[PDB]
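>>> starting from these lines, generate the structure:
(chains A, B, C, D, E, F and G)
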Amino acid sequence: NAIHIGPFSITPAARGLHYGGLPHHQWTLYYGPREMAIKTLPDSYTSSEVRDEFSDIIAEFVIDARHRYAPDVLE
Amino acid sequence: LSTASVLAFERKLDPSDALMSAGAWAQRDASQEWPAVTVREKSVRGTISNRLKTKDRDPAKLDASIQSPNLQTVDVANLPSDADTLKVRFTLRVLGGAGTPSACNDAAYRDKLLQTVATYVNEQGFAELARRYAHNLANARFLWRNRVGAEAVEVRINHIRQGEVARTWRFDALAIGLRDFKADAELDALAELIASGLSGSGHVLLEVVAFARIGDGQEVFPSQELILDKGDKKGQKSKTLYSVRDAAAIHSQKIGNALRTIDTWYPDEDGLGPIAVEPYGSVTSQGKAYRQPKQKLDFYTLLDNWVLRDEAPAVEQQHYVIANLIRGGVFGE
Amino acid sequence: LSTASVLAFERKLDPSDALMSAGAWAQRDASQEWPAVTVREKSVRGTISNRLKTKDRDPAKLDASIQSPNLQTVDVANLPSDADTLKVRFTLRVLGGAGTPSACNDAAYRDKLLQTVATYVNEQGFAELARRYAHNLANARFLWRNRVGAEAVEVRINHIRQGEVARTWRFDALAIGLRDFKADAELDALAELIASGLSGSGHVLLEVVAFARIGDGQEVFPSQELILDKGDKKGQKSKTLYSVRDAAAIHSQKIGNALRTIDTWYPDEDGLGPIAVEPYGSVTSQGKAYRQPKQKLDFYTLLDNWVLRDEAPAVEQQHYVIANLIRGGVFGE
Amino acid sequence: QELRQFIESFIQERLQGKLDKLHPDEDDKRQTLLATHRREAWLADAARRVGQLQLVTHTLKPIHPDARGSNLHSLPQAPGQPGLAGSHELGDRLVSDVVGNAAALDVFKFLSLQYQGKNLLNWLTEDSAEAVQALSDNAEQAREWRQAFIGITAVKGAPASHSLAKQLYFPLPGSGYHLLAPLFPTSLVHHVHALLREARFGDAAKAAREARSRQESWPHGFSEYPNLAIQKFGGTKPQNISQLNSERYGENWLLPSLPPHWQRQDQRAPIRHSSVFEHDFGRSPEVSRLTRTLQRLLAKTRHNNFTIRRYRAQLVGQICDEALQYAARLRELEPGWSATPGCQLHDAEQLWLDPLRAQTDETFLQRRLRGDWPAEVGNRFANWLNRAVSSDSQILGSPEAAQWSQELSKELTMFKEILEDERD
Amino acid sequence: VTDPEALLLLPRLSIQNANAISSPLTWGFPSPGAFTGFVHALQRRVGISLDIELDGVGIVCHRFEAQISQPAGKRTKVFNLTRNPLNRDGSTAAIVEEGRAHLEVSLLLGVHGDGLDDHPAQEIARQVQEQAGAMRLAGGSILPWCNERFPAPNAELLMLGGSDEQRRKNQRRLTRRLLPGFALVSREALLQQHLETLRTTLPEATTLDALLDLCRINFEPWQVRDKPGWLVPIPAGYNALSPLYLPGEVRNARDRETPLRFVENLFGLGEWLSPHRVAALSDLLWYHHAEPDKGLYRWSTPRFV
DNA sequence: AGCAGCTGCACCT
DNA sequence: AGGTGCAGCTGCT
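Numbers count the residues shown, from 1 in each chain, chains lettered A, B, ... in the order given. Find the structure here:
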């Protein structure tokens, strides 16, 4: 059950684990082919919570890409 | 007369949070710059070890549960790899004025209580309770698991009157057992000191330092914290040790519970050893309450028979209720 | 009579964290100032070698994945380029008093359990269990992957009575295999010492040092930690090795799991070799439960048939039950 | 009339919950006997439970679940002394709390549902024909039902406290003492909890949080609360303590009342040459945040130049006190004064920040340090302040930059006086 | 209301297991009413027998250490508890949450009586120290003497004695012993000022004390609206919920010889400041005063600015 | 001749 | 890691 936020995709790791007694899964955030992050989130997390875990990294990507590819300024 | 609606005994025998440190044996006299034992983290991977239900004995389901790894993060505390001696240090103040409650709604009940404990001190001193407390300071009972399997334990108690040391006691805590109560001249002198502190004739201050010879790099056992679970959330760290300013420590109430393990007069047995004193004297390890209210040996009915009904119990039960007075509590309806 | 609700056993055979250092072979008797094996980082470019989903086995997608490889930072530990011998050192204390639980509810259950283990000790000593523990110390099984493909392994075991060595054992750990349990005079003397420690008739503390001749600059394998998240705020660090004071180290539970690999009585086979003693004795490397509860040979059914219904099993399974008692754990509802 | 019909529907909903617990052995016999008795006398059954209810603002059960005492419903008088916040100020924001058994809380939920829709919340008591015609009971039974709601709205408690309550002593001016038994304000924390959970999550709060990441500004207010502590009330069952304890899930949120530096971190004063040379500047985390907040205010115009200059003076006085506190904590933290390998001018300022001479420290060097006070190190601190305050021809050519430099020089003079008071 | 003739300094008081919560809204430093009750019990215990009265407290909080934890998936915090003993049936207990902490605080105490008249200052300071080394401060024990051998003795300092410049120099050399910690004052005037300038939008008072002590992040006209100091919430005192009650008419009182009342906490704003920012060292003394015609039972520190 | 306690059961979200 | 009440209960007299 992958999650797509624009060009980003968050996929689970196809076999979970037990952290602290609770079942978890590793979610990977990709921007196309480039792997951006990995988190270990529990089960009984809705997809909105999985989105809001990676929303900060997505927002920092947007900030850096907006500042890097800013157009030129004439005065 | 009746019981007061409020009753509140401030505790005596206030201990400190016992801090841990480490070093080598036969350097324990110069053990003031010994570095603290710190709390680290590590990872554990376990298996399924608990009892399964009768519905879940299926072997395919057991293998499918095994093939998911079980991982925890665990706080640990060890000795350094070149030190073999754990040093546990705390301070214990004895206040005195063991009879007076901090709160009493009934005035005549508090006067009857005051003359009752006054007559109890007049009948005999605190020397039974004081000798038992000095035993629990002599053998290292406050080393809870750190004492178990140790090679040699040694306790030093410094009575400090002014800013310097008034007197020193030196004990081999493994000769003094945890079962019986002996009599020794140094131990009886310490018993006189803590009895005189309990009698209101002074404010005694003690520094207790215990040296346990465990081994190089072995594990020590400080107190554990109470963390209630974040159930519908991420997994937590499944052990958390107590630390005071990055030094592994035992809780104050843990040392206090180890101190008042004096009660050898509970009706169930006498060879199982002393227990801690509390109303309906109940040990958490056995999970079972000795001194039940259906027999007349718990604290509340004994206090009501001694004060309200003026039926003085036996001298060991007067010792028990006096120990519950020193222990403190919030009693009432 | 039923089993207790809570019932817990503290572990005997407590090891410490094993520390790694490096040096040259035949200087190994002067191996007290050998410098530690340090954990470094290096870059790793990961190729594509997983099984594909076959909804992603299109060649254009595969070549697009191959054109953009991903990179990690990885903790690594090697020997120095001039040293060829890995030295691994830890301490192990044998305690004794194996039958007594540290927590119980029923008094009748713990008394039945205590007389059960008392009858076990009276039928035979700890000689089989301590023989197998001494074998697992003799062969250097606690070198998990460092033993694999070593040229020569030598174990020095020092029984340490006071602060100095009482007795010394020297073993060629490749002659003593990992498969069977032979007989040897020095090995039987070590087994008698471990059995004397397990019987409560002494305080056993050993220092175990292992020298493995691997090669110059070769990779050693310390214990490995747990990584929950990974991002660009780190170095995309995807592997963390355990470390005590800037020293590559092995977890204490890893050494403990390699010590109790004694179970040769599991019903499935015996040509595979011994496994570690677990309730429903399971191997994480094989994903399988030997001693399934459908057969009557797991720990819980054997213990309940031995204690409650007095059905004493075979002496091999009695060894297995007492091994699970020395291993410790939480057994209850 | 019609309100009465609605009440019957509510009773039916209760029956449905019972229905889920279905038993084929004898569940139909209990179900028919329960449903007929409910449809006949739901109000008569509910009034007996509603007698146990109490409508209250202040509860004793959060102090201890074992404790039993009088819980009072009142809104206290407006206090005369200024600078005060309390539960008394927001009277229209108030919500009523319920104390009783959980079966009584079922009837409390039924009464709260009956209050909605029509005017029957105030009209349960003040009505006869419209109440009884909808209730479908006799006029005497309707009067008995109205008396039950009037009693449940009232307190019905004898004045008393418990032994597990606080009951503290306040001293009088030149006289004896008074006992004060403080009660847990429950409506007040429920209102503060509503405001906090509104500030933390809403479409407004989440929209402003996404707008901070997007950095594109619409007119909005965005609130943020750091390190609240969560306190769980009683056991795992929150309904035992109060009714609103079940709605807030038995937890109340506590705002930080902490001192400023409550997480002590060891500072490495020790002997590096570049370590002492860079520690002469000594930029810390909170000092860095204060420096950024001060540097943002610099370009401000003259229309807010008075308040902006007052804020800059307050920031400079806070930074000087933070530097003094950091020097004091660094001096107390290090046990000795360790010699440094190749540390010139880091040792030069560290002699001004020095503790007493140690065993490794020389008596001659210690006497030389004790003889001369380090005011020149304060001049070096002024060089740090010129490093902190950016100046140029926009400030040097204008008149405001000279006044800002004069205020910074006055603050540096006060700091230099405080520093030179120790040495010499 | 009364300017002290002298100040006594309880030098470095270490306290274990002190109460942290102290309020139904705050959890950090304990309430100043605990310190006022401390010196009133100290006056009851050793103050009366020396022809000395004690009036207020100045508190500086050298160090803090709360027994809390953060539960690994949330930004809030939980408290660490204790294992209470079992019930009489041996089942379990009921978990009531209490919040413990560790404190290092110094106390500034004002004196009006025959201070240097009947007894010298050193003996008064020593026996007040000996009395305070046997009680407990805020629900937690005063931790006794450890290997801190230096900070033991006090300094009974006469306020108005000496020249005015010498008065400033001795209060500065006493402030030299109060450097690491940050003193605590009341800020009811700043509260009312922000309440009046906030009331241009809406007339609410508790929402002010909410909005005073958080991190308000205002949008770009990204900034953080900031107060110049360390503004915290404090329990400002007590306001009665009830009329006066006679000593006998309420059951389960602490005593049947003292009148009783039912009260509520009034909450206000305090402020932590550096002790060098105040010139007169008698400005920090927290006095508690009763207005028994109504419920206003207050701790504050008047005569501060 | 009752009394008081007491244990146990049930409620409920 | 619940408070509550109350129904029923024990009882021996």
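
>>> can you name the residue of chain A nearest to chain B?
Per C-beta to the nearest C-beta, residue A:20 is where chain A lies closest to chain B, at 2.5 Å. C-beta: built from backbone N, CA, C; applies to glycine.

>>> which residue, other than its chain neighbours, is closest to the closest residue to DNA strand F within the stretch 101-250 of chain D?
Nearest residue of the stretch 101-250 of chain D to DNA strand F: residue D:102, at 4.2 Å (C-beta to the nearest atom of the strand). Distances taken as C-beta to C-beta, 6 or more residues apart in numbering or on different chains place residue D:239 nearest to residue D:102, at 5.0 Å, with adjacent residues excluded.

>>> wait, that neighbour touches residue D:103, no?
No. The criterion here is C-beta atoms under 8 Å, and residue D:239 misses it with residue D:103 at 10.4 Å.

>>> do any residues in the strand or helix carrying residue B:19 lie close to chain C?
Residue B:19 is part of strand B:18-23, with elements assigned from DSSP states H and E. No. On the criterion C-beta under 8 Å from any C-beta of the partner chain, strand B:18-23 is out of touch with chain C, staying 12.6 Å away.

>>> mind listing what's buried in the helix or strand just after that strand?
Moving toward the C-terminus from strand B:18-23, the next helix or strand (DSSP H and E) is strand B:39-46. By neighbour count with 16 or more other C-beta atoms under 10 Å in any protein chain shown, strand B:39-46 contains the buried residues B:39, B:42, B:43, B:44, B:45.

>>> out of these, which is nearest to residue B:317?
residue B:39 (43.0 Å; C-beta to C-beta).

>>> thinking again about what came up before, a markdown table for the buried residues of strand B:39-46, including distance to chain A?
Below are those laid out as a markdown table (distance: C-beta to the nearest C-beta, whole Å):
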| residue | distance to chain A |
| --- | --- |
| B:39 | 18 |
| B:42 | 15 |
| B:43 | 10 |
| B:44 | 11 |
| B:45 | 10 |
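
>>> just give me the neighbour total for whatever residue of the stretch 101-250 of chain E ends up closest to chain C.
Going by C-beta to the nearest C-beta, chain C is nearest to residue E:222 of the stretch 101-250 of chain E, at 21.2 Å. Neighbour count of residue E:222, defined by other C-beta atoms under 10 Å in any protein chain shown: 12.

>>> so it versus DNA strand G, what's the distance?
Using C-beta to the nearest atom of the strand, to the nearest Å, residue E:222 is found at 43 Å from DNA strand G.

>>> identify the residues contacting that residue.
D:212, D:215, D:217 (C-beta atoms under 8 Å, 6 or more residues apart in numbering or on different chains).

>>> with residue E:276 instead?
Listed by C-beta under 8 Å, 6+ apart, the contact partners of residue E:276 are D:321, D:324, D:418, E:175.

>>> swap in 6 Å and give it another go.
Residues in contact with residue E:276 (C-beta atoms under 6 Å, 6 or more residues apart in numbering or on different chains) are residue D:418.

>>> pretty sure it is in a strand, no?
No. Under DSSP: H, G, I helix; E, B strand; the rest coil, residue E:276 sits outside any strand and is assigned helix.

>>> can you count the residues close to residue B:208?
22.

>>> helix, strand or coil for it?
Here residue B:208 is recorded as strand under three-state DSSP.

>>> my guess is it contacts residue B:159. True?
No. Counting by C-beta atoms under 6 Å, residue B:208 sits too far from residue B:159 to count as a contact (10.3 Å).

>>> and the strand holding residue B:19 with strand B:39-46, angle?
Relative orientation of strand B:18-23 and strand B:39-46, computed by axes from the mean of the first three to the mean of the last three C-alpha atoms, to 10 degrees: 90 degrees.

>>> show me what the helix or strand where residue E:34 lies is packed up against.
Assigned by DSSP H and E, residue E:34 belongs to helix E:32-42. The helices and strands touching helix E:32-42, judged by 3 or more C-beta pairs under 6 Å, 6 or more residues apart in numbering or on different chains; DSSP states H and E, are strand E:54-59, strand E:296-300.

>>> what's next to the shortest one, contact-wise?
Read it as strand E:296-300. D:79, D:81, D:170, E:32-33, E:36, E:186, E:237-238, E:286, E:288-290.

>>> contacts for the helix or strand hosting residue D:32 next, please.
Using DSSP H and E, residue D:32 sits within helix D:27-50. When contacts are defined by C-beta under 6 Å, 6+ apart, helix D:27-50 is touched by residues D:11, D:15, D:103, D:104, D:107, D:145, D:148, D:152.

>>> related to what we said a few turns ago, quick one: which of the contacts of residue E:222 sit in strands?
Among the contacts of residue E:222, no member falls in strands (DSSP state E).

>>> out of the residues you listed, who has the most neighbours?
residue D:212 (17 neighbours).

>>> where's the nearest residue to residue D:87 once chain neighbours are set aside, which helix or strand?
Excluding its sequence neighbours, the residue lying closest to residue D:87 (C-beta to C-beta, 6+ apart) is residue D:188, at 3.7 Å. Using DSSP H and E, residue D:188 sits in helix D:186-200.

>>> what does residue B:108 give?
helix B:107-123.

>>> just the CA trace of that helix, in CSV.
What follows is helix B:107-123, C-alpha atoms only, in CSV (Å, rounded to 0.1, in the frame of the first residue of the first chain):
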residue,chain,number,x,y,z
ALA,B,107,-6.9,16.7,70.3
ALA,B,108,-7.6,14.2,73.1
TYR,B,109,-6.7,11.3,70.7
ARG,B,110,-3.3,13.0,70.0
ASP,B,111,-2.7,13.5,73.7
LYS,B,112,-3.5,9.8,74.4
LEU,B,113,-1.2,8.9,71.5
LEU,B,114,1.5,11.1,72.9
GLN,B,115,1.4,9.6,76.4
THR,B,116,1.1,6.1,74.8
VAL,B,117,4.3,6.5,72.9
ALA,B,118,5.8,8.3,75.9
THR,B,119,5.0,5.3,78.0
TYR,B,120,6.4,3.1,75.3
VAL,B,121,9.8,4.9,75.4
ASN,B,122,9.7,4.8,79.2
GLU,B,123,9.1,1.0,79.2
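
>>> per-domain residue ranges of chain B.
B:1-10+B:98-125+B:262-333, B:11-97+B:126-261 (curated CATH domains).

>>> with distance to chain E added, can I get these in a markdown table?
Listed next are the domains of chain B as a markdown table, based on distance: least, C-beta to the nearest C-beta, whole Å:
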| stretch | distance to chain E |
| --- | --- |
| domain B:1-10+B:98-125+B:262-333 | 4 |
| domain B:11-97+B:126-261 | 4 |
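
>>> picking that back up, for the residue of the stretch 101-250 of chain D closest to DNA strand F, phi and psi?
Here is the backbone geometry of residue D:102 (degrees, to the nearest 10): phi -70, psi -30.

>>> okay, it and chain C: tell me how far apart.
28 Å (C-beta to the nearest C-beta, to the nearest Å).

>>> what residues does the helix holding residue B:108 touch?
The contact list for helix B:107-123, computed with C-beta under 6 Å, 6+ apart, reads B:1, B:4, B:99, B:104, B:307.

>>> what about the last one, how many residues nearby?
Right, residue B:307. Residue B:307: 19 neighbours (other C-beta under 10 Å).

>>> hey, where'd the helices end up in the stretch 301-424 of chain D?
Under the criterion DSSP state H, counting those that start in this stretch, the stretch 301-424 of chain D contains helices at D:305-333, D:346-350, D:363-371, D:375-388, D:393-396, D:400-420.

>>> fine, thanks again, bye for now.
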